[PDB]
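Heads up, the sequence shown is in PDB author numbering, so the first residue is 1 and it goes up one at a time.
One structure below.
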Amino acid sequence: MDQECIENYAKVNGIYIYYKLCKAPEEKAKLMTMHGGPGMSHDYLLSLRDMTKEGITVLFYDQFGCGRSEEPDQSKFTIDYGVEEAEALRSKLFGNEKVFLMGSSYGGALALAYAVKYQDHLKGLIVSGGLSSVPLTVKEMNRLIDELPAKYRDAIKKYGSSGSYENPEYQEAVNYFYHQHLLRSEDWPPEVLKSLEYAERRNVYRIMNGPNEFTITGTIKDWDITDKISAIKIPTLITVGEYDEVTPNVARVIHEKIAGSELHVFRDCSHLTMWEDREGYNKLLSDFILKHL
Ligand SMILES: *[C@](O)(CCl)[C@@H](N)Cc1ccccc1
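Below, the structure written as structure tokens:
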């Protein structure tokens, strides 16, 4: 069964980053995880921790300016910097071993940007609810907004149009959206709540993402590397939910570009598929890693 994890606060390429590694028994493969946001934390991905009894070691770590890690210079708020951070961590920790990469949401996109440069260091890639193009995901989310009942749809196009995010009606619509496309549940896990809490307390989510999940005005609103991800040749497991805020259509684009890549859609699921179907999610990412051992 579980055997706790080794927590540390090491110095990466310039800044102090927090990480939590859980390895063995009978380790077969090592796996690094990248939370979403931007500006969240490993916390909400702690369900993937169950894969250790399946011989999978997991590396949970808060990215720059996230969770328990120090915030770098405002200019370092880019995805290209996260990639340099990831590689530095994998190396000054695992040496020159080939590790499996797992990215969730923004982490998925980051995970992709990683493979585009350091795929040779990876043995496999897992992109869950991720994206390769922000403008695309934005276009997809807008549809979801229009598909929401007028009671909330209008509130999102009104108060979200006058900068009135502190409005209760609007905040009411944001919630309905989250309980529909972010996480389908009434008893949200603490891990998620902590990562969400970390998003409102730091500055990354603010400066890179925006007010909320469906109102991106940060510094990635134009990010798009679709014409780059085609160069990835390693085994890729792309998962996405049915009601996923980052539609399976956006997951489809990634599927095309990556040859031989798998694509799995979780019915009755949304964005955080980690808690909606923990056993099935982990099982899928587990067998994926074990076959491409
Ligand atoms: C994920 O990182 C949430 Cl865990 C998500 N915010 C990424 C994203 C979605 C839509 C637009 C930009 C980023």
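Heads up, the beta-carbon is just placed ideally off N, CA and C, and yes, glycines get one too.
What does the Cβ neighbour count give for residue i, buried or exposed, with the cut at 16 atoms within 10 Å?
| i | result |
| --- | --- |
| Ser270 | buried |
| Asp222 | exposed |
| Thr217 | exposed |
| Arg201 | exposed |
| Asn13 | exposed |
| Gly280 | exposed |
| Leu293 | exposed |
| residue 302 | The structure shown does not extend to residue 302, since the chain spans only 1 to 293, so no value can be given for it. |
| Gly82 | buried |
| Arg267 | exposed |
| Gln63 | buried |
| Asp227 | exposed |
In the DSSP assignment, the beta strand (DSSP E) including residue i goes from what residue to what residue?
| i | result |
| --- | --- |
| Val58 | 56 to 62 |
| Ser104 | 99 to 104 |
| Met1 | Here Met1 belongs to no beta strand (DSSP E), and DSSP marks it neither H nor E. |
| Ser128 | 122 to 128 |
So who's on the other strand from residue i, going by DSSP bridges?
| i | result |
| --- | --- |
| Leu263 | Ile238 |
| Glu7 | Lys20 |
| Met34 | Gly103 |
| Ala29 | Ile56 |
| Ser133 | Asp224 |
| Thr215 | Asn212 |
Using only the alpha-carbon positions, how far apart do residue i and residue j sit?
| i | j | result |
| --- | --- | --- |
| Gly210 | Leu59 | 27 Å |
| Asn142 | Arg153 | 10 Å |
| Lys117 | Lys233 | 12 Å |
| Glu7 | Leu46 | 13 Å |
| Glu84 | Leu237 | 23 Å |
| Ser75 | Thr273 | 32 Å |
| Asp80 | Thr219 | 13 Å |
| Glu97 | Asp120 | 10 Å |
| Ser128 | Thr239 | 5 Å |
| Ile254 | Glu140 | 15 Å |
| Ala173 | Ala155 | 7 Å |
| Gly65 | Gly107 | 14 Å |
| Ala29 | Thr137 | 32 Å |
| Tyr114 | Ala86 | 8 Å |
| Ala109 | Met51 | 22 Å |
| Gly260 | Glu276 | 27 Å |
| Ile258 | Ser286 | 20 Å |
| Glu242 | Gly124 | 24 Å |
| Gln180 | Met208 | 23 Å |
| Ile229 | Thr78 | 18 Å |
| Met1 | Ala10 | 27 Å |
| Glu27 | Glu54 | 8 Å |
| residue 294 | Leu263 | This structure cannot speak to residue 294, because the chain is shown only from 1 to 293. |
| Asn282 | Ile289 | 10 Å |
| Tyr44 | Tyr198 | 11 Å |
| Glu186 | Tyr176 | 11 Å |
| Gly95 | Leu284 | 27 Å |
Quick one: give me the first and last residue of the alpha helix (DSSP H) that residue i is part of.
| i | result |
| --- | --- |
| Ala231 | Premise fails: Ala231 is in no alpha helix (DSSP H) and is neither H nor E. |
| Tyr281 | 278 to 291 |
| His255 | 248 to 257 |
| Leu48 | Element bounds for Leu48: n/a, residue is neither H nor E. |
| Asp268 | Element bounds for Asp268: n/a, residue is neither H nor E. |
| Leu93 | 79 to 94 |
| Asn175 | 168 to 177 |
| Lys221 | Unbroken run through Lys221: none, as it is neither H nor E. |
| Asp73 | Where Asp73 is concerned, there is no enclosing alpha helix (DSSP H), given that its DSSP letter is neither H nor E. |
| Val192 | 190 to 201 |
| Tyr152 | 150 to 158 |
Are the region 242 to 255 and the region 121 to 136 touching, with three or more C-beta to C-beta distances below 8 Å? The region 242 to 255 vs the region 121 to 136: in contact.
Evaluate contact between the region 182 to 195 and the region 17 to 26, counting only Cβ atoms and requiring at least three cross-stretch pairs below 8 Å. Because the criterion of three Cβ pairs below 8 Å is not met, the region 182 to 195 and the region 17 to 26 do not touch.
Say whether the region 93 to 107 touches the region 28 to 46, bearing in mind that this needs 3 or more beta-carbon pairs closer than 8 Å, one atom from each stretch. A contact exists between the region 93 to 107 and the region 28 to 46.
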